[PDB]
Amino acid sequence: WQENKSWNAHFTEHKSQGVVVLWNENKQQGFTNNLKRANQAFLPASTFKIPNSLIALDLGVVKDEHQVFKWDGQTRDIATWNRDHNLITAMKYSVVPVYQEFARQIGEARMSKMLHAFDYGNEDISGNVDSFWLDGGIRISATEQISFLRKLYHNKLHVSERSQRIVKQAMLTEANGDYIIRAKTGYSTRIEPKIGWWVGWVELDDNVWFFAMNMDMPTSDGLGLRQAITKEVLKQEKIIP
């Protein structure tokens, strides 16, 4: 691991504090601006939609990426949640109530066994089966997110190849002729410290760069900084133009 404190400039530019962790897959080398915070374990919030999706698909709770999960008719504050979703749109709009229902169907015994099989964070699902990743016991660090994502990239998690391919499709965030980003955002507001996450990877022609960042997020106004700050680091490191 190498520490690169120069990336703190990108946080300071926005009156923010946080960590970005990068992993160069070809070279098996990691870089971060803060070795301590890189290994600090936090609630995953909606980054948990990655493992939750994989488990739901492997147990048949989700049949495929086209299956429609009808809105339950309860009007919630995020307007895009107040409609029917499939796996692609539920990931895109981070539709908590869809994933809460998945978790109830999975159940606590299978959820716990799956997170142990995935070596996921502290493997502790204490709390409500349908909210432990928001206000229960599960904690994961940025470097732990990378370990998990590397297994997903290589189809090495303890679920089917199909489930892993479908979730990677559903993680698609950005693509152009220079790179592909597959990732998931998170926003942990229920338990201090309030933080934002962005975790995933950048596919290049001849390498993949895994990333996991989190940052203090005292209000929702800064959510776009999750991606912006990460992209400043990726640009500095010549991973994206």
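The numbering used is simple: start at 1 and walk along the sequence shown.
Would you determine, from the values in the PDB entry, which of 103 to 111 and 143 to 151 has the greater average C-alpha temperature factor?
Averaging CA B-factors over each stretch, the winner is 103 to 111.
For the higher mean C-alpha B factor in the entry, choose 199 to 207 or 65 to 73.
Per the deposited B-factors, the answer is 65 to 73.
Looking at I191, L54, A212, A175, which one carries the largest C-alpha B-factor according to the PDB entry?
Highest C-alpha B-factor among the listed options: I191.
Determine, from the deposited record, the chain-internal third of the Cα B-factor for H116: lowest, middle or highest.
Its C-alpha B-factor, which the entry lists for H116, ranks in the middle third among residues of this chain.
Quick check on the deposited entry: does the C-alpha B-factor of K49 sit in the lowest, middle or highest third of its chain?
Lowest third.
Which third of the chain holds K92 when residues are ordered by C-alpha B factor: lowest, middle or highest?
Middle third - that is where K92 ends up once the chain's C-alpha B-factors are sorted.
Is the Cα B-factor recorded for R162 in the lowest, middle or highest third of its chain?
Lowest third - that is where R162 ends up once the chain's C-alpha B-factors are sorted.
By the recorded C-alpha temperature factor, relative to the other modelled residues in its chain, which third is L22 in?
Tercile = lowest for this residue's CA B-factor.
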